[PDB]
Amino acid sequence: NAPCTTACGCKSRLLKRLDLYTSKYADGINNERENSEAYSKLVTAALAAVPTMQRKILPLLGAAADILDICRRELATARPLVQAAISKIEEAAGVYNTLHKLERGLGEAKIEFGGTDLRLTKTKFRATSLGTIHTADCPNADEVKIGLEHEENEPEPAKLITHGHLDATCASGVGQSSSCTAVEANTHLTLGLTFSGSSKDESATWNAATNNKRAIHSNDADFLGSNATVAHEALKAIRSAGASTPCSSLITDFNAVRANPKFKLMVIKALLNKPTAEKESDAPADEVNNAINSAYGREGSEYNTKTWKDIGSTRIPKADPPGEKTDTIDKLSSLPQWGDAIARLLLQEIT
């Protein structure tokens, strides 16, 4: 619930939040692949199977088309929102890389006048770390519970650096124990650059005690700007559209089919010998339930262990140069072969 506090932590948390959405989107992509295959499997089997089996497949077809169409539309709605979030989060993550390079500051210039005179050459600059960035990897342990249920109250990613600070230390006199006593030959003068999330001006104390390192002026250094806010808003856009979990329903889940009015109606038409029925009330609910239990096991308990196994074992035509052959849907397990089978089965009926 608490905001992130380091560049490594802010970047890790933001990419972990992104992963909540992209992982569900990928689940949806996989589900659409499985649903497209299942629907093709149903159409092909419905054409090829014997009537006792065809009657068990017909109630699945309209419901399966509904599932697949909704699945695909959910993905198409989610796609541009997920893409916008990926691009905005990854841009902010690049900025966090630089914030991590700057976390320890940018070094210092330290003049030690040497004790003989106040002339100056490079050799009196003993510290010249100024301009050195931080090169270490992030620590292995940083950063919090991350999940879609927590996203409504997750705070914005932190900006971390808003100001640059001119740090100064002066020391005049022998031993460098007094305060800048005018700058003289034993004087150490150190100027450095650091960064933080707040403006600083500590000259009030520094001016009476110049031998303590203090931030004596601050300048604006807003690196992230609104990049992290816009990334946060892009994640909210996915949630506001209801697009966080697209294509979660599967044709191979009996509970996704069993609720569809078209399934209950086609049970009546195809399994209760009432083909002209158009309303679920056209057969007694008991007879509908007994037909469902006979066709798919009790309350659909055999929908996967038997019904889909029987669908996959349906024999269909197969091309072969010696003459057309046959094999099962599950052996000829590809759309090109199922399509070829459909054409060959329809040609057979024409012939």
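Note that residue numbering follows the sequence shown and begins at 1.
In this entry, residue 142 is separated from residue 143 by 1 to 3 residues of the deposited sequence that have no coordinates.
Per the record, residue 180 and residue 181 are separated by 1 to 3 deposited residues that have no coordinates. In this entry, 111 to 119 shows the higher mean Cα temperature factor of the pair 111 to 119 and 70 to 78.
Here the stretch with the larger average CA B-factor, out of 244 to 252 and 133 to 141, is 133 to 141. In this entry, the residue among 207, 87, 196, 97 with the greatest C-alpha B factor is 207. The entry lists C-alpha B-factors for 322, 62, 317, 28, and the highest of these is at 322. Compared with the other modelled residues of the chain, the Cα B-factor recorded for residue 282 ranks in the highest third.
In the deposited entry, the Cα temperature factor of residue 213 places it in the middle third of its chain's modelled residues. When the modelled residues of the chain are ordered by C-alpha B-factor, residue 91 sits in the lowest third.
The PDB entry assigns residue 163 a C-alpha temperature factor belonging to the lowest third of its chain's modelled residues. Residue 350: CA B factor in the highest third of modelled residues in this chain (values from the PDB entry).
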